[PDB]
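Commentary on secondary and tertiary structure
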Amino acid sequence: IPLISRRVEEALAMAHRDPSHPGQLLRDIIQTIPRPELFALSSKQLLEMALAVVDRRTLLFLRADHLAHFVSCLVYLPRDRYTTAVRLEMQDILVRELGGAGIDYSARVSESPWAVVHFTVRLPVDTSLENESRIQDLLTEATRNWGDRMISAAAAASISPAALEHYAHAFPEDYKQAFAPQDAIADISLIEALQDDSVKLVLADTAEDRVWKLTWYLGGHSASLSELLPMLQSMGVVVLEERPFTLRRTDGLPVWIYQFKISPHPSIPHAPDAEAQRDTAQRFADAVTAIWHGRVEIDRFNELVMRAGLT
Amino acid sequence: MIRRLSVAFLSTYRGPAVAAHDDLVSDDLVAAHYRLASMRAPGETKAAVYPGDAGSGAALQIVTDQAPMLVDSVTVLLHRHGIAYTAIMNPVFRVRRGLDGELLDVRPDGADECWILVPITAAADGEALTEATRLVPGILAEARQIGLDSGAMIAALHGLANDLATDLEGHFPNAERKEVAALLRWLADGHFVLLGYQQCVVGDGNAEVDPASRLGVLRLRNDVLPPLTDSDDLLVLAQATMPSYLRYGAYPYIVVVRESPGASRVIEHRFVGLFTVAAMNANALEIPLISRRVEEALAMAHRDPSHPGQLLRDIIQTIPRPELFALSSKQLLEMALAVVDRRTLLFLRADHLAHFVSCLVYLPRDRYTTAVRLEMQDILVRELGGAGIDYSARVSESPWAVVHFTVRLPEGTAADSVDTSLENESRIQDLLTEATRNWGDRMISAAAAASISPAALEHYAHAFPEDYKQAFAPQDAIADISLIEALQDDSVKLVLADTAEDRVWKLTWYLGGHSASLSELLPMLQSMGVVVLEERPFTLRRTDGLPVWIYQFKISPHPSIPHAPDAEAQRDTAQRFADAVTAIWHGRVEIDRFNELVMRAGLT
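Conventions used here
- Residues numbered from 1 in each chain as written, not as in the entry; some residues may be left out.
- Chains lettered and ligands numbered in written order.
- Part of a larger assembly, values for the part shown.
- Heavy atoms only, no water.
- Helix = DSSP H or I, 4+ residues; strand = E, 2+ residues; numbered from the N terminus.
- Rg over C-alpha atoms; globule rule 2.2 N^0.38 Å.
- Buried < 20%, exposed > 50% of the residue type's maximum accessible area, 1.4 Å probe, protein only.
- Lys, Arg positive; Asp, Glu negative; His and termini not counted.
- Charge placed at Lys NZ, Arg CZ, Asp CG, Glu CD.
- Pairing = 2+ DSSP bridges.
- Axes fitted to C-alpha atoms, helices over the stretch in contact; angles between N-to-C directions.
- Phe/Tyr/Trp six-rings, centres within 6.5 Å; stacked < 30°, edge-to-face > 60°.
- Polar contact = N/O pair within 3.5 Å; in protein donor to acceptor, adjacent residues only side chain to side chain.
- Core = buried A, V, L, I, M, F, W, Y, C linked by side-chain atoms within 4.5 Å.
- Contact = heavy atoms within 4.5 Å.
- Buried area = accessible area lost by both parts, 1.4 Å probe.
- Salt bridge = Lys/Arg side-chain N within 4 Å of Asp/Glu carboxyl O.
- Parallel < 35°, antiparallel > 145°, perpendicular 65-115°, else oblique.
- Nonpolar A, V, L, I, M, F, W, Y, C, P; charged D, E, K, R; others polar.
- 1 Å grid on protein atoms, 1.4 Å probe; cavity = no way out; pocket = protein on both sides within 12 Å on 5 of 7 lines; lining within 4 Å.
- Points joined across faces, edges and corners; volume = space filled by probe spheres on them.

What the deposited record gives as its method is X-ray crystallography, and the resolution it gives is 6.27 Å.

A count of helical and extended segments in chain B gives 19 helices and 19 strands. Here the C-alpha atoms of chain B give a radius of gyration of 35 Å, more than 25% beyond the 25 Å that 2.2 N^0.38 yields for 604 residues. Dimensions of chain B, computed from the C-alpha atoms along their principal axes, are close to 105 × 75 × 45 Å. Counting only residues that meet the buried cut, chain B has 46% of its 604 residues in that class. Averaging the locations of the 54 positively and 79 negatively charged side chains of chain B gives two centres separated by 3 Å.

A few words now on the sheet that holds strand β5 (residues 198–205) of chain A. All names here are of chain A. If you walk across this open sheet you meet the four strands as β5-β6-β8-β7, and the pairing is antiparallel. Unpaired on one side and paired on the other, β5 and β7 (237–248) mark the two borders of the sheet. Averaged over all adjacent pairs, the angle separating strand axes in this sheet is 15°, with direction ignored. Taken together, the 11 bridges between β7 and strand β8 (residues 254–264) define a ladder with antiparallel strand orientation. Bridged to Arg-248 within β8 is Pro-254.

Bringing the pairing of strand β9 (residues 235–239) of chain B into the picture now. Residue and element names in this part refer to chain B. With four of five residues buried, β9 is to be regarded as a mostly interior element. Pairing geometry for β9 and strand β10 (residues 253–262), over five bridges, is antiparallel. The residue bridging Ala-238 from the neighbouring strand is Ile-254, located in β10.

Right, let's get into the packing of aromatic side chains. Residue and element names in this part refer to chain A. In total, this model carries 21 aromatic pairs over all chains according to the counting rule given. An angle of 80° between the planes, with centres 6.4 Å apart, marks the rings of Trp-216 and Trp-292 as edge-to-face. Residue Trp-216 is located in strand β6 (residues 212–219), and its partner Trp-292 is located in helix α11 (residues 274–292); the two are separated by 76 residues in the primary sequence. Look at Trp-216 and you get buried, because its relative accessible area is 0%. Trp-292 gets classed as partly exposed once you look at its relative accessible area, which sits at 22%.

Right, let's talk about the side chain of A:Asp148 for a bit. Residue and element names in this part refer to chain A. Summarising the element assignment, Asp-148 is placed in helix α6 (residues 146–155). The exposure class of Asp-148 is buried, given its relative accessible area of 16%. Polar side-chain contacts of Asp-148 include one of 2.8 Å to the backbone nitrogen of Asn-145.

Our next topic: the nonpolar core. Ranked by internal contacts, the top residues of the largest apolar core, which has 66 residues, are B:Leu164, B:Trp186, B:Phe192, B:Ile254 and B:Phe271. Take this core: its biggest share by element is 12 residues, from helix α5 (residues 126–165) of chain B. Those residues in contact with B:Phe192 that sit more than four places away from it in its chain are B:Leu187, B:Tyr253, B:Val255, B:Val272, B:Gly273, B:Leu274, B:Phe275 and B:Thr276. By size, the runner-up hydrophobic cluster in this structure holds 50 residues, among which are A:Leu218, B:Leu507, B:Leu518 and B:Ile561.

Our focus in this paragraph is the interface of chain B and chain A. Taken residue by residue, the interface counts 34 residues in chain B and 37 residues in chain A. Of all residues in chain B, B:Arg14, B:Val277 and B:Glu397 bury the most surface against chain A, accounting for 17% of the area lost on that side. Seen at the junction of chain B and chain A, the total is two salt bridges. Close ionic contact of A:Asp18 with B:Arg14 constitutes a salt bridge, the shortest N to O distance being 3.4 Å. Those elements that provide at least two residues to the side of chain B that touches chain A are α7 (277–280), β14 (389–394), α15 (466–470), α17 (518–526) and β18 (530–541) of chain B. It is β18(B) that contributes the most residues to the side of chain B that touches chain A, eight residues altogether.

On to the packing of helix α9 (residues 309–317) of chain B against helix α10 (residues 329–340) of chain B, then. Residues and elements named next belong to chain B. It is the contact of α9 with α10, at a shortest axis distance of 10 Å, that shows an interaxial angle of 100°. By the angle between their axes, α9 is roughly perpendicular relative to α10. Of the residues in α10, those touching α9 at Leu-312, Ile-315 and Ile-316 are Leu-332, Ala-336, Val-339 and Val-340. Of the residues that constitute the contact of α9 with α10, the class distribution is seven nonpolar, no polar and no charged.

All names here are of chain B. The element β10 is extensively covered by neighbouring structure, given that seven of its 10 residues are classed as buried. Two elements, β10 and strand β11 (residues 265–274), share eight bridges in a ladder whose sense is antiparallel. Across the sheet, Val-256 pairs through a bridge with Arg-270, a residue of β11. Between the antiparallel neighbours β10 and β11 lie two residues.

Turning our attention to empty space enclosed by the protein. If you roll a probe as big as a water molecule over the atoms, it shows you where there is empty space left. Residues and elements named next belong to chain B. Looking at the largest cavity, its volume works out to about 230 Å³. It is α5 that contributes the most residues to the lining of the largest cavity, seven residues altogether. Of the residues assigned to the lining of the largest cavity, the class counts are 16 nonpolar, two polar and no charged. Counted as a void, the second largest cavity has a volume near 80 Å³. Class assignment of the residues belonging to the lining of the second largest cavity gives a composition of six nonpolar, one polar and two charged.

Okay, structure coming up:
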């Protein structure tokens, strides 16, 4: 294109001027940039995109077309972080937060640190820098692994950086895929809280009715499925399912976790208030801890804890 | 006195920003490098590690002659030695010194000296730091020698080019003399940079380096390189064994031109250097020799009526630039048809030297990850026995991603122990096909040999939950889907096998229609005298929408339970067990340790 080659080499001059900035790098960076908008830009408005390189988070730019049937969207993010997946969620988060009726992209990746994609959103225009930065983070987290999001959540925690770094890779991959980055904070706190051959139990109510989630932390030694449930069965609650995990602590201590989806026997009374459920759960934890430690015997007498509200 | 120097350092501080400007640069660091430059030498490159005081972290300081690109080579030494640097500052100073080495004045009459300081974060290994401090002077001297011999190498190039364009001496036996010369002048036009230059005389298969013609880095490197020209080749591209610490990226490329001034005397002009960026993306037509073999093979292209011109033309334009010289249009035909035949395509070519294997891979865009880069790096280093691998990442809107891998070979290896045969070429090429494979696609591929219905295949392709994907293998999917399809309402099927260890067994329990709690199934299994060690659950939706549950059991029998004298005995015991447990689930017996007799006396 005649005019295009012109401003191209125009900015190419400034490009090869700064010793860092490499020619064909940003050249690639450019060739993607779709064709319609190519005319409104002056090489000055090129260098603007050029000197936008002279700067681990996502950067997003928006500009309502003069027509307002397209939103020219442009995203910035580490190279090692892009996947076609992230392309999609950003496409979704772009089509959604912008209300698109169609979206296109031009993929642009080099040795450059940040990947570059121009999205054009088709409209059937809140381009304020207010709304601009908000969605910009919806891509920040879209790029986030689960380990980095974990660590970021514990950034607000007061835990030791050394422990944070060990548990960053100490957490096994099944835990990564069967949890959320936010659950990592609570889990690591409870893990750090353990002793040798200790036991801690935390009971909460799952998303449905008369179904409860019970997390069992074993501090030091694994235990079979075959001995722990007769303990729990002696509490009149029907245990529905369990999911196990194992890991190594900040001190190298192997700790086991058992997640329990359970439901009580229908004859077991409900909770009149969240206060009653809290007391019942606390007494249960004391009683089950005593059962694990051998302080009582296993029979349905223990069920009275669940029926009469006894310790 | 101290303040003037700290000013010019910050005036060039660039990001690897300008905040905490006095925190990075203290007058203590100024003291240190003035203490270093207190007694220098001409041409000297004085390096010194200031370990850091109470405030600033570790920081290095250099004093040397203003030579080209000292800063670039500095940062390359950094990253190639894993040295985390927070800043970087290159105030060069007009200095006039005495005749015994002492600085007399330092201003921004006399001589230009670059004074460098870089603050290293605290997180730095002492030994890598010391290693780089040692490396500094020699590579800054390489830089200086090139900055001196720059015009010289420029003119050596211009002169050999004029020779090739006007080879009346018969010194260059080849028709492409004029194209070779045009390509040399094209590289000279900001398309290649010259590190060193050395002529070499060829005879008896040995190349002896002519030392007077040496310019640039090869003046300080005793690196005679072997004969790089066969008889016919007027021009050959090799890759240097040595890291030019002078810029990031691929190891230098050695251009070689073959001259013949007598009937018993060959002289190899060798220019070592590297490829500029604007060059490395120039349209493949603008290169003289390249356009030649391009249209050469284009002829054969438009000859076969099927094969379309610009199709394969596109197919080509991607193909990266370094390897473009070893291929002849004959080897172009193969490259084009190799690419014309959702699969992985891999190309190999033993370098003339055989210290590098130029490897090139093709695969869907949506499929690449740094992960897959690694496994392919591993599968490339392994199956090729590499001692070092590099890659250049190349991705666009184009469907297939492109990466050139250069595999570094342990010096002392020949152009023969390089099994670059197209036999071994396609085998590893698939080690990448599967490397790219998801687990769903690998599953489906495994069932491609199965006789199951395509509709069921498509439903179970996404019906399988993600925990199943991550806790299984693509091959186990075939057996699992067959057994799932085999279920009925509220049915039960049990399959018993032996795990990888001793006296530990794996039992898979398929529940066909309704989930069951952990609390009722084990007293069944406990009544079989085997100790149940662990269970792992899963749920999913069938091809007909029927929810089916699976329970994996890692179990072990009571020690009193007898072993199996043969695989036949274990098979019978497992079959009887399955019948008995099926009966237990269906309520056909009662739960007590009498059932244990099945495991002890071999009873039904």
